[PDB]
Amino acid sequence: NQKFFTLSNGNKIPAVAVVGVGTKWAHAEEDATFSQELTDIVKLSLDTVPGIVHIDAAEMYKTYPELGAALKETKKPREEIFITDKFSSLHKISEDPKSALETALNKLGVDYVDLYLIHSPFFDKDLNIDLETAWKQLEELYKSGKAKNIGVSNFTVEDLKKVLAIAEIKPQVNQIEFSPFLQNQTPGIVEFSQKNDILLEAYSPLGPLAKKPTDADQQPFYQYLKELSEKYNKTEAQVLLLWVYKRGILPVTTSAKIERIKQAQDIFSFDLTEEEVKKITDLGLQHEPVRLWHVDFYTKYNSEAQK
């Protein structure tokens, strides 16, 4: 049965996000073009995936049209969809969060998003707004009900503290890259976030499987994962996704295939033991970090990432 995290404002959020619209089939020599393949898999997810379906979208993904189409054509009630959207701070598309969300709501055909994030602390030079002002804009979007929850993405402890210094509403979420091969995107972020009651989301939790070293079959991380997979009769991805949940973090995943999306939603059909969670953690920490996002900014933190 579906699990939820409870945010610091009392609101519930589905404890896995199974549908993303950031990734599409993409040609090498690619086109800001419409992915019919993407709108199809989203629609199919909304129609067939049981429970509240948590979707991860972003201004910078430029896929509001695809998601909008799916949202229109599905018969899934609005209340059984949890939509996360993100203001594109790294790459300027709108002037500010309020103008971005208006555009997004209009393209999406919805009245509100369930969670609104600042996508990055590395504000584009062309923005005429800084982090503090952008946060105060999220606070007002929250006030207006256009975002039911608000938070940030890819923030360091230092970035968080800048928000907390001026915040009337504490960020409910910090969406970071997290996996067994990147257990601290930036130094101490996991411990700091969880100590201050900011729910972590984990982007690319399946990083170990996305980027699988050539000698993986002699690697104990991968050997243990296969063992747990066989024990529970679950996919390796499911085991990793559940692990993230057992670390108290919300795994945010996406797939090209509806079977994989349903499997992601169904991770709460089994349970890892404390012993198993700790072994995944420990075998993970022994591995060299794998970082797939914010690579140019945060490569410099690779040395603290498994620390």
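From 1 onward, residues are counted along the sequence shown.
In terms of unmodelled positions of the deposited sequence, the chain runs continuously from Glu259 to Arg260 in this entry.
Annotation for 5 to 13 versus 20 to 28: the higher mean temperature factor (C-alpha) is found in 20 to 28. If you average the C-alpha B-factors over 176 to 184 and over 191 to 199, the higher value belongs to 191 to 199. In the PDB entry, the Cα temperature factor peaks, among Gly109, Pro97, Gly151, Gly207, at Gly109.
Going by the entry's values, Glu73 shows the largest Cα B-factor out of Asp124, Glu73, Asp85, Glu236.
Among the modelled residues of its chain, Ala147 has a C-alpha B-factor that falls in the middle third according to the deposited record.
When the CA B factors of the chain's modelled residues are split into thirds, the value for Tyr64 lands in the highest one.
Annotation for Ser120: C-alpha temperature factor in the lowest third relative to the rest of the modelled chain, per the entry. Ranked against the other modelled residues of its chain, the C-alpha B-factor of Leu225 as given in the entry falls in the middle third.
For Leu160, the recorded CA temperature factor ranks within the middle third of the chain's modelled residues.
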